[PDB]
Amino acid sequence: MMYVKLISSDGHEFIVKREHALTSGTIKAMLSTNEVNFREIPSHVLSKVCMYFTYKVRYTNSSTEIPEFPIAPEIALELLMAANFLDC
Amino acid sequence: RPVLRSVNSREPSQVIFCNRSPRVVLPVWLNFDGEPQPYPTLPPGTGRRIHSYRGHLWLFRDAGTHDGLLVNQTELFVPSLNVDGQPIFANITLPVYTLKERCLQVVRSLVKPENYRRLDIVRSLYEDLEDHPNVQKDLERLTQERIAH
Amino acid sequence: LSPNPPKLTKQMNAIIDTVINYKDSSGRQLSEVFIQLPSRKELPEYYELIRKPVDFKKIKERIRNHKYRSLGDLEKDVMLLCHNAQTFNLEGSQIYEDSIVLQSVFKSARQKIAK
Amino acid sequence: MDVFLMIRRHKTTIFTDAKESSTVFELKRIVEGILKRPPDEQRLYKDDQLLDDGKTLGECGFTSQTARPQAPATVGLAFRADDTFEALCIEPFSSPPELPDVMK
Ligand SMILES: Cc1ncsc1-c1ccc(CNC(=O)[C@@H]2C[C@@H](O)CN2C(=O)[C@@H](NC(=O)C2(F)CC2)C(C)(C)C)c(OCCc2ccc(CN3CCN(c4cc(-c5ccccc5O)nnc4N)CC3)cc2)c1
């Protein structure tokens, strides 16, 4: 079971399954090595990105009805910039 | 006559529209010229038994934002003829949006189009925010895919 | 060209208003969709299939202008309207069912007005 | 059937999934593979409450309603150092800025 580590700008370490991190085109490119440092993505944004990775893998091509991916207004802008940079 | 349109079959078909999404759903019918027709909306978690015809083409959107929705895990719904009375089921759900698209939906729901360029974000994102979900763009995208296959 | 007796015009109007005003058990006015035909530009498919198009607007106009000379003439245009709606929309549609209830409403109102 | 979790300790967060039927010990075995510390050097917690090895995740309160892909349940983690477990310590994530005026 392959895992990768994603480090935020504030030094938080996020350990996710490799296959889940490959959701991001940027991450997949950086792994083309199992540790990626994001000097401009804070931990409150990176944790939310990792939750999207789980959501995407679990619900893409599912038969169980799909719930909404919730985003608080306070994180919306930073989350948009990270999704744009990460190509996910 | 375009690629994506309804055929004037005159062959009756009973359909069940079931909104299994947290959104107010706009059923869209493509007419005999492939032009999109808005139909009465469905509140979240409601179902209606409706009358349609064989070879008629349907799309489903969020009634307020026109964000694209799925029906039986695909984009287009075409009822065939009922086999021995049996109505055809159309299960409407949320697709798995990209993180970018979902973030764009949320920021569009909170900010007025005039204030998009007042946001402290990467400048490329202004054109992304301005490029609102459009039924016509998606129909071109789906037509291009149909001709490709 | 000569007008109908006022009693006959009164009878024709009393029947048609009973058909137009009719509401089912759920309070829904069944004639709603049949008051005015869609245009040729809006629905050309209707005109491709339906040879003698008619709506409750053209029916009321025909009473007013004395085009119907008997209650039978009025009946033929109401049955025509309902049969046009049936032919176009086909069985299994609500409009088909509503047009069948309106047929029955007309014949009961004509029986009541003539008693 | 499936439960989605965040196993957190200090500045470390592990995103993992398991079954509602799997035990707390089987979860300690997932951590062992990642962080190279045996289950007996681990203490797992739900809301500052110690989780027993023999208990299933469902029995601990982790369900398809409380532990979702988009909203995972948090599991605390304390390590043993020189035969003494440290105090359970989880570093909070960073805070977002104040909501912009146009977003109000
Ligand atoms: C409840 C609910 N919740 C969520 S969605 C929904 C819902 C779902 C279905 C319907 C009704 N069904 C349809 O419109 C189906 C669907 C699609 O296959 C196309 N289609 C058709 O009938 C076409 N017919 C055909 O292809 C054929 F008939 C040739 C076979 C068409 C559009 C009439 C050309 C509905 O309906 C309520 C909403 C709704 C939908 C459409 C319209 C616009 N109409 C169009 C024309 N119409 C008619 C008038 C008369 C008529 C008038 C005067 C005198 C005599 C007459 O016969 N006759 N027939 C008509 N269809 C009035 C206005 C208005 C309201 C609501």
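Note on naming: letters A, B, ... go to the chains in the order of the sequence lines (proteins, then strands), and numbering restarts at 1 for each one. Start at 1 and go down the list; that is how both ligands and their atoms are numbered.
- When only modelled atom types and interatomic distance are considered, C:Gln103 and C:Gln86 share a side-chain donor-acceptor pair under 3.5 Å.
- The side-chain contact (heavy atoms from CB on, under 4.5 Å) test applied to A:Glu65 returns B:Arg20, B:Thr93, not counting sequence neighbours.
- Taking the ring axis of A:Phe69 as reference, the NZ or CZ atom of A:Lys48 stays within 45° of it and closer than 6.0 Å to the ring centre.
- A cation-pi contact links D:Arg8 to D:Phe93, judged by a cut-off of 6.0 Å to the six-membered ring centre and 45° from its axis.
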Ligand-protein N/O pairs under 3.5 Å (ligand 1):
residue: ligand 1; atom: 3 (N); partner: B:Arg48; partner atom: NH1; Å: 3.1
residue: ligand 1; atom: 12 (N); partner: B:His51; partner atom: O; Å: 3.2
residue: ligand 1; atom: 12 (N); partner: B:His51; partner atom: NE2; Å: 3.4
residue: ligand 1; atom: 14 (O); partner: B:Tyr39; partner atom: OH; Å: 2.8
residue: ligand 1; atom: 18 (O); partner: B:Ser52; partner atom: OG; Å: 2.7
residue: ligand 1; atom: 18 (O); partner: B:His56; partner atom: ND1; Å: 2.7
residue: ligand 1; atom: 57 (O); partner: C:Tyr46; partner atom: OH; Å: 3.1
residue: ligand 1; atom: 59 (N); partner: C:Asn89; partner atom: ND2; Å: 2.9
residue: ligand 1; atom: 61 (N); partner: C:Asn89; partner atom: OD1; Å: 3.1

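- B:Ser13 places a side-chain N or O within donor-acceptor distance of the main-chain N or O of B:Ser80, the cut-off being under 3.5 Å.
- When atom types are taken as modelled, the side chain of B:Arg10 and the backbone of C:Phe88 share a donor-acceptor pair closer than 3.5 angstrom.
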